[PDB]
Amino acid sequence: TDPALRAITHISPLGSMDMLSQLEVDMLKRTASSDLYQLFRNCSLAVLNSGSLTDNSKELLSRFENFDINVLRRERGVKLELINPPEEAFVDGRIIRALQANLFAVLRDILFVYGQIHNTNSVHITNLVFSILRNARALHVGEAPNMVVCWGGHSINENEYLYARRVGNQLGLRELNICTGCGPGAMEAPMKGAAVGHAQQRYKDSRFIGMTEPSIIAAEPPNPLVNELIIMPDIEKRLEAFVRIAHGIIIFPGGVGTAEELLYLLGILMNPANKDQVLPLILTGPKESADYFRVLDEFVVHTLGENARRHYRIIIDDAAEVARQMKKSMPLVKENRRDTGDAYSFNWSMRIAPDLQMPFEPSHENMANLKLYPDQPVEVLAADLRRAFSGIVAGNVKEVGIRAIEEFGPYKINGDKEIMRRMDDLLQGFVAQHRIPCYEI
Amino acid sequence: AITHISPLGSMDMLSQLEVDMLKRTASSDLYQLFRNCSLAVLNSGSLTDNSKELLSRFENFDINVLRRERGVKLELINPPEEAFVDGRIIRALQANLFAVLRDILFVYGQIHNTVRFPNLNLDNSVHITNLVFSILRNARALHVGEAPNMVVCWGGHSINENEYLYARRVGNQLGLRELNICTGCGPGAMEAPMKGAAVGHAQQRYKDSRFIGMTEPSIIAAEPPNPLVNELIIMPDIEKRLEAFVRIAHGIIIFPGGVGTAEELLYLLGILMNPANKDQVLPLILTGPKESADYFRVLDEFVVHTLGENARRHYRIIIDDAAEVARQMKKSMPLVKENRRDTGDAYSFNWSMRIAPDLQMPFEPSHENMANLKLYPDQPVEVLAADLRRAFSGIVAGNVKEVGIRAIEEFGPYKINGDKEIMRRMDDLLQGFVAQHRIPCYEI
Amino acid sequence: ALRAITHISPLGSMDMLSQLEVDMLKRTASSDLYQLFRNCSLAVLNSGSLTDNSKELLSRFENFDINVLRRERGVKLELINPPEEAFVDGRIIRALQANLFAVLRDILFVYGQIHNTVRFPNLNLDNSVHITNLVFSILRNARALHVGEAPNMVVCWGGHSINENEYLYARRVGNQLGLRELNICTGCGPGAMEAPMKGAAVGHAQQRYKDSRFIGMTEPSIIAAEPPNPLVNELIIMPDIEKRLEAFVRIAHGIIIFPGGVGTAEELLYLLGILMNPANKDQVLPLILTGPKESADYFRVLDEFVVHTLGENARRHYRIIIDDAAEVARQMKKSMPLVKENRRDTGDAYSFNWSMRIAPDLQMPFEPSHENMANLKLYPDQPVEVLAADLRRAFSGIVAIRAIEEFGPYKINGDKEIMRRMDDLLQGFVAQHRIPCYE
Amino acid sequence: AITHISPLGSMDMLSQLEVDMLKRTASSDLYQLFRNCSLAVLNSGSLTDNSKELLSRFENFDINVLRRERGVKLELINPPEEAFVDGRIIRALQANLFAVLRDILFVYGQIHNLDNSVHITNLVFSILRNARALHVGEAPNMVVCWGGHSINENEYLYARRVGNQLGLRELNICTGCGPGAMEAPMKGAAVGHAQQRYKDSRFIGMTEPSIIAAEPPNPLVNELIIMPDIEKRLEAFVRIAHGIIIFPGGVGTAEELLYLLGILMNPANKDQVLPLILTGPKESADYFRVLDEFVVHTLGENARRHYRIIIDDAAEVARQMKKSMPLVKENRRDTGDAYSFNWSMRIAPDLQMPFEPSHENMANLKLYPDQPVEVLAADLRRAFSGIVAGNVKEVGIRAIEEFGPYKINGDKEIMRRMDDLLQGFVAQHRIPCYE
Ligand SMILES: Nc1nc2c(ncn2[C@@H]2O[C@H](COP(=O)(O)OP(=O)(O)O)[C@@H](OP(=O)(O)OP(=O)(O)O)[C@H]2O)c(=O)[nH]1
Ligand SMILES: Nc1nc2c(ncn2[C@@H]2O[C@H](COP(=O)(O)OP(=O)(O)O)[C@@H](OP(=O)(O)OP(=O)(O)O)[C@H]2O)c(=O)[nH]1
Ligand SMILES: Nc1nc2c(ncn2[C@@H]2O[C@H](COP(=O)(O)OP(=O)(O)O)[C@@H](OP(=O)(O)OP(=O)(O)O)[C@H]2O)c(=O)[nH]1
Ligand SMILES: Nc1nc2c(ncn2[C@@H]2O[C@H](COP(=O)(O)OP(=O)(O)O)[C@@H](OP(=O)(O)OP(=O)(O)O)[C@H]2O)c(=O)[nH]1
Ligand SMILES: Nc1nc(O)c2[nH]cc([C@H]3O[C@H](COP(=O)(O)O)[C@@H](O)[C@H]3O)c2n1
Ligand SMILES: Nc1nc(O)c2[nH]cc([C@H]3O[C@H](COP(=O)(O)O)[C@@H](O)[C@H]3O)c2n1
């Protein structure tokens with residue numbers, strides 16, 4: 001169909017999409033013909049660009065502008081044609097199996113999942129999240145709890161990396177499996193250690209999950225350790241499924257996305273209906289992360305109240321203790337699901353409120369109608385804080401309207417201007433570690 | 001009195017909104033079916049080989065879909081006590097039960113009533129086949145990369161002592177060569193193979209036997225599955241049952257099943273003698289003990305006179321040579337593997353096989369419909385055999401079923417019209433089958 | 001598609017062999033041991049025998065001969081005129097392939113080596129520590145003892161020929177036993193040694209147990225005549241009946257004795273003489289005797305004989321169930337966790353009962369010389385352990401001659417009431433069809 | 001300060017009379033070997049690379065053999081605390097420890113003919129069989145990876161790069177259990193196995209009682225074998241490998257490449273397939289240059305049918321290695337040889353025998369081109385094992401002052417190449433001790 005020089009390879013499916021119905025295959029193909037192709041292409045490039053020697057992002061992706069991918073139809077199932085893929089993703093002309101699987105992964109979540117809902121109620125949003133993970137063969141039936149979600153920051157310095165490896169090698173010396181946001185630095189070090197420790201302790205089925213969104217994976221290649229890759233429709237459905245599959249959470253330094261994620265966490269942990277649930281939240285870093293955490297906690301205790309630190313707990317420069325506590329909490333998390341009658345792998349009990357599930361358009365009017373009142377209940381005040389925060393993080397990676405920072409005025413944030421005064425040094429502090437301007441009186 | 005069972009195999013990871021949907025559907029009129037089938041599942045291997053008498057004893061039995069946050073459970077109010085060893089359900093029985101929950105409630109209920117999958121008109125043949133595939137994929141029944149070894153084994157409900165022995169032997173041979181059996185879940189001809197194949201898999205240290213039994217809600221409800229069946233599948237109607245028999249077999253051995261097997265072959269030949277399927281490899285062997293000779297042959301004549309010597313290519317008869325039937329099968333696998341390899345086709349499912357729409361949809365033997373059934377030699381062989389199958393479906397047991405009798409006492413017998421010699425051959429077959437104990441209800 | 005010279009590769013036993021050991025196989029194969037290795041190998045290949053014959057079945061293949069090949073990697077086996085039923089489409093049946101290399105394992109590699117070749121010193125073969133440590137290295141080299149194995153092994157004894165009831169019933173015991181995820185070990189033979197495994201199969205099937213272990217133990221003279229039954233997964237051949245019985249005891253976590261005619265009497269008296277010994281008052285080895293309806297009286301006379309000879313203290317080590325298939329499994333399954341605990345507290349292994357003190361008396365083999373028979377001390381002043389040990393050697397010889405015609409009938413210098421119960425049991429067994437041979 | 005350990009993998013099912021053998025062997029003079037090797041195994045993974053001083057901290061340590069009816073247990077008096085997690089011994093550390101109980105207490109003590117070349121080879125096999133390292137029915141993927149104890153960072157990176165490429169092709173690594181070049185190949189291999197989903201890595205590390213006494217096994221070694229001497233350690237290196245890859249190990253690579261070319265160039269081994277790739281970074285081009293020159297002159301250019309030199313192409317190093325594997329299988333197939341043990345390879349009994357560098361013997365060593373190539377290299381290795389060892393050991397400093405320097409007989413041109421290679425080896429910083 002094309003006479004040019006176009007290095008091709010035909011890949012068979014590995015670990016997803018393997019048993020496909022015919023009428024599903026058609027659907028896969030008709031979707032790869034829609035406008036969705038760009039995402040499907042750009043994600044598939046980042047998937048084959050994993051663990052690239054050159055530690056770049058935009059420039060790495062621009063080199064392969066000759067790249068393309070096609071969905072090939074066969075009576076049995078389906079195959080992926082790879083025109084001009086990066087050479088590093090192949091050994092002796094065979095695709096590396098990790099990558100293969102993570103490729104067919106992107107077929108699954110971007111063209112099979114993301115297609116059927118986006119190219120076509122908080123109960124629907126959860127059962128749908130469950131369904132995605134079930135289809136991802138990620139909820140293992142009869143699995144004792146060992147999953148420790150690790151949130152963290154895109155860029156991090158050398159000490160912070162070192163310490164997050166140590167937490168990992170510990171987590172792993174205790175036979176605990178890790179999830180992250182499939183990205184780099186903080187989302188990577190914990191697995192990198194947990195492997196070594198998984199090794200030493202002869203653990204034989206290391207789960208290193210990695211949850212992400214269309215807009216993140218299109219630019220950010222999954223770090224190489226990720227052995228299971230899940231892509232969810234939006235951040236909103238990403239954070240929800242983070243929480244539901246976790247048996248522990250360990251926030252790291254990181255800066256902006258972390259802070260935003262913490263508020264998401266807390267406003268589900270402080271809701272009444274969830275005073276019985278057991279999800280250990282240990283924040284941690286290295287010695288030089290002392291002041292950073294400090295001001296974080298100061299911010300929460302001001303906004304949400306001191307009663308908010310019911311739910312968290314800060315260990316500093318004790319890699320071993322963080323893994324020890326996470327290991328001890330695992331029985332309790334089982335039991336706490338035992339007597340609810342709740343799946344060990346999916347926390348159906350945790351009540352996440354529709355405000356936490358509803359997506360925040362980065363529209364200017366959205367922040368201009370935002371509310372920050374101490375009279376608002378702790379839950380509502382925290383959800384609005386998180387939605388403003390996930391909008392700022394989207395203002396550099398989604399680029400849906402980058403010039404709307406001050407297009408007809410600054411984001412009218414009506415309410416206690418002292419909440420913003422606390423974020424003054426907080427936001428500049430993230431800029432300090434390289435992680436009324438935007439608000440309004 | 002009341003035991004609560006956990007899932008085993010089927011229904012292990014359920015979404016809440018789904019568990020839920022079971023309990024509603026469990027309350028619908030469908031309930032009696034769900035109960036009947038679950039009582040049958042628990043009465044497998046019953047020391048009493050009684051059909052209706054065995055189930056009528058357990059009238060106090062009843063079953064309840066219980067909801068928990070994790071998943072779903074089953075409440076067993078007065079279960080037959082045999083099915084419990086030291087208080088625990090027999091793991092086999094457990095998994096068969098949760099199979100009835102899968103195909104009876106999550107599968108039958110859902111596609112017939114709630115339009116959750118919209119795009120399913122269930123007349124379009126593409127939709128019927130793809131569905132037959134979704135049913136099977138969900139029963140974890142199709143395996144990816146499973147090199148071909150499934151010998152589907154059609155037979156007869158009641159069979160004499162010799163036929164059993166002979167069919168057990170074929171199974172032993174089949175399983176001495178590491179071939180897995182699939183039957184129609186029942187007793188006799190559908191039990192005897194798996195029963196021997198078991199000793200075969202054993203001697204040959206074959207591990208992970210697959211003894212599939214495929215069935216339909218009316219069959220299972222009256223007839224418990226035989227105790228050997230390892231994977232239970234319940235297809236909505238015979239039509240979907242046969243159609244799935246085809247697609248998942250890599251070989252087919254038709255044992256002697258009385259006048260029933262006659263429409264069986266015809267159905268098989270219908271798809272086989274089709275020009276788009278002149279390339280598909282599907283070993284069709286018939287076989288039987290010494291005495292089954294006469295019975296296979298009188299069949300043979302009829303087929304060749306109605307369809308031709310060309311029909312004799314697709315099948316093969318063998319008699320009292322058990323082993324050779326295992327031998328030809330084990331041989332034909334690699335060719336069947338290949339036949340799929342070049343057509344770019346799944347090993348476990350035969351997508352390419354064109355089963356014809358008139359064979360997918362059901363046929364009702366209305367006295368008007370019967371006589372309009374075109375049966376003459378000009379009409380191509382495909383249509384000839386398929387109408388011959390529908391014509392045999394109605395006239396066979398046209399006197400056993402009291403529906404046929406009452407209707408052939410009102411509107412008269414089946415005055416079918418087509419070609420004189422054909423109704424001669426269609427007769428012959430029945431006069432011989434009657435000679436072998438295997439106005440009339442029919443007319444020219 | 002097969003010939004009459006076929007070359008079989010190893011399966012499951014003798015897989016990794018050093019060249020110097022490979023040589024040892026061939027030199028022992030050319031020595032006088034050959035007939036044994038020949039007869040046994042024919043036997044193994046004649047399992048699943050469609051024809052229900054014994055000696056007539058094996059005498060038909062006089063052309064069969066087997067030879068030890070040599071390659072650099074290991075050993076292979078040369079089958080010259082094997083029987084055809086043990087091959088399918090020119091492949092050897094994988095069952096028979098193991099059991100063949102099994103016989104190669106124990107008859108030539110073991111029995112050859114330990115008897116004479118001083119390649120292994122420190123083999124007094126009289127010291128009872130040596131016999132026991134030897135029985136271990138056998139079941140070890142036979143990959144028979146599994147590390148970290150929760151106890152599920154139930155040894156079954158019984159009669160090689162049994163009516164159709166005794167078989168049907170022993171089948172049900174198996175079915176139930178199996179349904180509880182228990183593994184059976186018998187003496188490899190027919191009838192009472194087949195039915196437990198035969199049923200045990202179906203229920204292992206119903207309960208999705210995925211590693212049946214139908215062990216069968218035997219000794220060279222028996223297997224030469226009796227082909228193992230088709231169910232046997234592990235074949236193990238022990239040098240003599242004595243070392244076979246010791247290893248029975250060591251591997252069992254339960255012993256059921258079925259209706260084995262007068263053939264079980266020495267069997268029970270063998271168990272008792274280790275169970276009633278002192279240092280074994282803490283050990284946990286359930287001993288049920290069972291049978292179907294008609295076996296009732298057959299145990300009856302039996303139990304009487306033991307009570308009166310050894311005492312009612314022998315009823316401590318056994319129990320008796322009749323026609324309750326289901327129960328004999330239920331109790332057996334129940335006893336497993338206790339058997340784990342008793343080996344646990346004692347610091348002992350689960351697969352091998354080191355701590356049972358088996359009498360050196362019972363380990364050594366018995367000569368029923370008329371002098372030795374008379375000198376056999378059969379008095380109740382002697383302790384119950386030695387009383388049962390001497391009562392067994394008495395029954396093994398008197399029941400199972402040319403010498404009672406040369407010298408005389410077996411005038412045992414025993415206590416008369418012991419001799420009185422002895423003859424009364426023999427007469428009661430004659431009522432059940434199960435000057436005399438004694439005096 | 002005491003813990004008790006159960007057996008993991010090694011020594012798990014033992015007969016009672018064997019157990020007794022373990023105890024009395026432990027109480028003898030072999031105790032010190034056991035203890036210092038046991039100590040080193042518990043010291044794997046330590047951040048401190050002061051191999052010796054590390055052991056000097058834990059001089060309180062001691063180790064007792066515990067009897068039980070079931071088997072054996074290991075009492076640990078004052079064990080290093082880092083080798084535990086929440087009181088649980090690290091499983092890796094558990095296993096290698098019992099492997100020292102295996103090869104040092106059980107094996108070494110008991111075996112101490114050993115004079116007949118066939119007896120030595122069958123024993124090396126019985127040692128590898130008891131170590132459960134020979135897998136029956138195993139496609140050949142073992143690449144033995146020789147190298148040097150301390151290498152700079154560019155050889156460490158390069159050796160790692162090799163491994164990753166080896167791994168990425170589903171190939172297992174065998175090394176000398178140490179660090180430096182014996183670690184980076186496995187360390188790489190690790191990352192790669194993962195990427196390709198290779199789920200059964202076999203990072204065999206073989207060694208001798210003297211080596212492991214002071215040196216903790218590097219943390220990647222899955223399976224630890226300890227052979228009695230070096231002579232048997234090498235012979236074993238040879239029979240289990242399917243290829244060999246020689247990293248830049250300084251002058252320590254000289255006798256090695258000779259020993260190997262000895263068995264390769266002997267006649268009866270003209271049909272065996274054992275690839276030999278020598279690789280390294282760019283800094284190693286001169287270093288391999290003089291090595292290859294010295295050989296082409298002494299043994300002939302026929303010797304370069306047996307060794308190939310690749311420099312700075314890690315991919316190809318593996319690519320060829322991975323291509324060789326099917327050929328090494330077939331080569332064992334048609335000979336009727338094991339795929340796990342190269343029984344057919346003829347090792348000459350002199351290469352199996354230890355060489356004592358007595359002034360008399362090294363002078364008696366025949367070193368002239370008149371003798372044949374197989375013998376020449378053998379004597380050349382026995383030459384270098386004393387010559388270069390001269391400038392380091394006292395037998396080549398102290399003995400050459402007492403009875404005079406080493407006046408070797410043979411041919412002058414050979415001795416010229418020898419000295420010329422050495423002068424090379426001094427120039428890359430890797431009458432003297434030799435005349
Ligand atoms: N609550 C809960 N139960 C689960 C889960 N996964 C598996 N199970 C098992 O379901 C089985 C049914 O026992 P129930 O007592 O009725 O469970 P329930 O809490 O919902 O009532 C339990 O097995 P069991 O008989 O109790 O054995 P075991 O759990 O003690 O080992 C339990 O282990 C889960 O994610 N949540
Ligand atoms: N058509 C088809 N291919 C399948 C099936 N299952 C697995 N395969 C794999 O697909 C490979 C065929 O590659 P292609 O030759 O391109 O098939 P294609 O023309 O239809 O695209 C098979 O090669 P292979 O030679 O069969 O490898 P192997 O399975 O013997 O290892 C096998 O690895 C199936 O059910 N149908
Ligand atoms: N007696 C015996 N023990 C064995 C055997 N195999 C493994 N073990 C284990 O030994 C462990 C007990 O620790 P030890 O320190 O050795 O006991 P000991 O004092 O009697 O020597 C148990 O693990 P655990 O987890 O502590 O006990 P459990 O819960 O598994 O039963 C037990 O399972 C065996 O063949 N026999
Ligand atoms: N040389 C050698 N042979 C081994 C090894 N391991 C297993 N075998 C097998 O021994 C079996 C006997 O076949 P032969 O044809 O006699 O082998 P040979 O030439 O090497 O002597 C072969 O099985 P097969 O059924 O005949 O063929 P295959 O498909 O299993 O490979 C072969 O694979 C080994 O480490 N080395
Ligand atoms: N045993 C084992 N098992 C796995 O699954 C692994 N995945 C990645 C590694 C490597 O990660 C570390 C990288 O840290 P680095 O040395 O580059 O600074 C290496 O020390 C390696 O052990 C690894 N090791
Ligand atoms: N799961 C399992 N595993 C083995 O290893 C087996 N070996 C033999 C059998 C058979 O036992 C019965 C034979 O008795 P039959 O009724 O045929 O006379 C068959 O119905 C089979 O189940 C078997 N089953």
# chains A, B, ... in the order shown; residues from 1 in each chain; ligands from 1
>>> interface_residues(of="chain D", to="chain A", cutoff="9 Å", atoms="only C-alpha atoms", output="ChimeraX atom specification")
/D:85-86,90-93,165,168-169,191,194-197,199,219-220,222,315,319
>>> write_last_selection(atoms="C-alpha atoms", output="CSV table (one decimal), in the first residue's frame")
chain,number,residue,atom,x,y,z
D,85,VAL,CA,14.9,-7.9,58.1
D,86,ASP,CA,12.5,-7.7,61.0
D,90,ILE,CA,17.3,-12.6,54.0
D,91,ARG,CA,16.4,-15.6,51.9
D,92,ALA,CA,19.3,-15.1,49.6
D,93,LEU,CA,21.7,-15.0,52.5
D,165,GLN,CA,22.5,-7.3,26.1
D,168,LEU,CA,17.9,-9.0,26.7
D,169,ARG,CA,18.6,-12.2,24.8
D,191,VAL,CA,17.7,-5.4,34.2
D,194,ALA,CA,13.1,-8.2,33.5
D,195,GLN,CA,12.6,-6.4,30.2
D,196,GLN,CA,12.2,-9.6,28.3
D,197,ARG,CA,10.1,-11.2,31.2
D,199,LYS,CA,11.4,-15.3,34.9
D,219,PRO,CA,24.6,-9.7,46.1
D,220,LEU,CA,23.4,-10.9,42.7
D,222,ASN,CA,21.5,-16.7,42.8
D,315,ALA,CA,25.3,-5.8,21.3
D,319,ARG,CA,24.4,-11.3,19.3
>>> residues_around(residues="region 266-268 of chain A", least_positions_apart="6", cutoff="6 Å", atoms="only C-alpha atoms", output="PyMOL selection string")
chain A and resi 352+379+382
>>> write_last_selection(atoms="C-alpha atoms", output="PDB file, in the first residue's frame")
ATOM      1  CA  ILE A 352     -15.477   9.226  47.562  1.00  0.00           C
ATOM      2  CA  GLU A 379     -14.927  18.287  52.825  1.00  0.00           C
ATOM      3  CA  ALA A 382     -10.837  20.675  50.540  1.00  0.00           C
TER       4      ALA A 382
END
>>> select_by_dssp(residues="region 243-396 of chain A", states="strand (DSSP E)", output="PyMOL selection string")
chain A and resi 248-251+283-285+314-316+371-372
>>> interface_residues(of="chain C", to="chain D", cutoff="7 Å", atoms="only C-alpha atoms", output="list in words")
residues 16, 18, 19, 20, 71, 72, 73, 133, 136, 137, 147, 347, 348, 349 and 354 of chain C
>>> residues_around(residues="residue 49 (chain B)", least_positions_apart="5", cutoff="10 Å", atoms="only C-alpha atoms", output="compact mmCIF listing (two decimals) with N, CA and C atoms, in the first residue's frame")
# COMPACT_ATOMS: atom_id res chain seq x y z
N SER B 44 -25.14 -34.68 40.66
CA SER B 44 -24.29 -35.40 39.73
C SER B 44 -23.67 -36.62 40.39
N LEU B 54 -35.35 -38.71 40.80
CA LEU B 54 -34.28 -38.22 41.66
C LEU B 54 -34.52 -36.78 42.08
N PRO B 187 -25.30 -38.40 30.10
CA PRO B 187 -24.77 -39.73 30.42
C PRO B 187 -24.49 -40.54 29.15
>>> residues_near_ligand(ligand="ligand 3", cutoff="12 Å", atoms="only C-alpha atoms and all ligand atoms", output="count of residues only")
46
>>> residues_around(residues="region 219-236 of chain B", least_positions_apart="2", cutoff="7 Å", atoms="only C-alpha atoms", output="number ranges by chain")
B: 36-37, 40-41, 43-45, 51-52, 96, 99, 103, 108, 185-187, 191, 194-195, 210-217, 240-241
>>> atom_distance(atom1="CA of residue 205 (chain B)", atom2="CA of residue 138 (chain B)")
28.7 Å
>>> select_by_dssp(residues="region 31-227 of chain C", states="alpha helix (DSSP H)", output="number ranges by chain")
C: 34-45, 55-59, 94-103, 113-115, 128-141, 164-179, 195-206, 220-225
>>> atom_distance(atom1="CA of residue 277 (chain D)", atom2="CA of residue 156 (chain D)")
17.2 Å
>>> residues_near_ligand(ligand="ligand 2", cutoff="9 Å", atoms="only C-alpha atoms and all ligand atoms", output="list in words")
residues 10, 11, 12, 72, 73, 74, 75, 76, 77, 78 and 79 of chain A; 144, 145, 146, 147, 337, 338, 340, 341, 342, 343, 344, 345, 346, 347, 348 and 349 of chain B
>>> residues_around(residues="residue 6 (chain A)", least_positions_apart="6", cutoff="9 Å", atoms="only C-alpha atoms", output="ChimeraX atom specification")
/A:66,83-84
>>> interface_residues(of="chain B", to="chain C", cutoff="8 Å", atoms="only C-alpha atoms", output="MDAnalysis selection string")
chainID B and resid 85:86 90:93 176:177 202:205 227:228 327
>>> residues_around(residues="residue 128 (chain C)", least_positions_apart="3", cutoff="12 Å", atoms="only C-alpha atoms", output="ChimeraX atom specification")
/C:123-125,131-135,243,246,357-364 /D:17
>>> atom_distance(atom1="CA of residue 250 (chain A)", atom2="atom 2 (C, counted along the ligand's line) of ligand 1")
25.0 Å
>>> residues_near_ligand(ligand="ligand 1", cutoff="10 Å", atoms="only C-alpha atoms and all ligand atoms", output="ChimeraX atom specification")
/A:140-145,334-347 /B:3-7,12-13,66-73
